[PDB]
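Given next, in structure tokens, is a single chain: the form deposited in one PDB entry.
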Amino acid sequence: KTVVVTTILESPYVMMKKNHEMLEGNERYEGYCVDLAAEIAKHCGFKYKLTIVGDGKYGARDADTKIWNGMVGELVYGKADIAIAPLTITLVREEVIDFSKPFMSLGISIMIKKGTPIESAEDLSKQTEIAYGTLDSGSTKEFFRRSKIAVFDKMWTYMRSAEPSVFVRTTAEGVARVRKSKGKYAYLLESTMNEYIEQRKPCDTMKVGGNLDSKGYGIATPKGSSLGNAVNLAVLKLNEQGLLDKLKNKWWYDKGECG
């Protein structure tokens, strides 16, 4: 029977093709995770349907209702069979779903406008002339809120009290703010997205410094699902064969615009 894949629309992982109206089913979509899903399914021998998570969320547990939202919730409550998406392997998710070993590494990173005199998170933390912030929701904000590391705690105290607000509602708003702020705004985001935007016209942003943390995206299945073992072996095989590196190069650099 057909495996129900839950995923989320986010470039370059999953995108509707420009001509999607002329296409059907899974062929309407393209991107890194679309290609990854096809490779996993081929190695594991299943057919599948790509579905887009209803609530547009990755997966968190509401503190009041204790209900899991997002792709994680679709797995937890038995509505999907597998999630193939930029879904970070975290402790609280690992407690409730199964994850493959990571298919992609990432960490929180600094996006600057080219020419900005910042080389590290330490550099940002010691000044205020260049404002800096994060998405107003989600894991990067939460990283700073929860960190007990001195530099990141300092950054959080700065971010919470800075005026005008250094937070943005969307990735696009953060990128636009970097681009329009003449070097006076830096945006903190996942290194994978930072690298992607560095390859978008007009080629005026860059990733600077080392990453602030390290984590991985994993393929998720309901806890105890028989599919989990085969999927994990497939991730390891695709990595060893160089296919994961090929797919990253395809969607970030071969299709990049900045050389």
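So that the term is clear: the rigid core is the largest set of C-alpha atoms that superpose within 1.5 Å between two forms. Counting begins at 1, following the sequence as shown.
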- Tell me which of 101 to 109 and 166 to 174 has the higher mean C-alpha B-factor in the deposited entry. 166 to 174
- Using the B-factors recorded in the PDB entry, average over the C-alpha atoms of 132 to 140 and of 152 to 160, then report which stretch comes out higher. 132 to 140
- Query: Among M22, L9, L247, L238, which carries the highest Cα B-factor?
  - Reply: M22
- Identify, among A85, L189, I118, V92, the residue whose C-alpha carries the highest B-factor in the deposited PDB entry. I118
- Item | Cα B factor band for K207 (lowest, middle or highest third within the chain) | middle
- Task: Just say lowest, middle or highest third for the CA B-factor of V5 relative to the other modelled residues in its chain.
- Result: lowest
- Item | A37 - Cα temperature factor, lowest/middle/highest third of chain | lowest
- Item | Record-listed C-alpha B factor of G216: chain third | lowest
- Query: What third of the chain, by the recorded C-alpha B-factor, contains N26?
  - Reply: middle
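Form deposited with a small molecule bound: not shown, discussed below.
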- Would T88, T192 and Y217 all count as contacting the small molecule in the entry with it bound, using a 4.5 Å heavy atom cut-off? yes
- Message: Taking the small molecule as it sits in the entry with it bound, is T171 in contact with it (heavy atom to heavy atom, 4.5 Å or less)?
- Response: yes
- Message: So if I measure heavy atom distances to the small molecule in the entry with it bound, which of the stretches 192 to 200, 23 to 31, 38 to 46, 220 to 228 falls within 4.5 Å?
- Response: 192 to 200
- Query: When you overlay the rigid core, is the Cα of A172 off by 2 Å or more between the shown form and the other one?
  - Reply: yes
- Query: Superposing on the rigid core, do we see a C-alpha displacement of 2 Å or more at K101 between the shown form and the other one?
  - Reply: no
- Message: Superposing on the rigid core, I want to see if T88 changes position between the shown form and the other one - specifically a Cα shift of 2 Å or more.
- Response: no
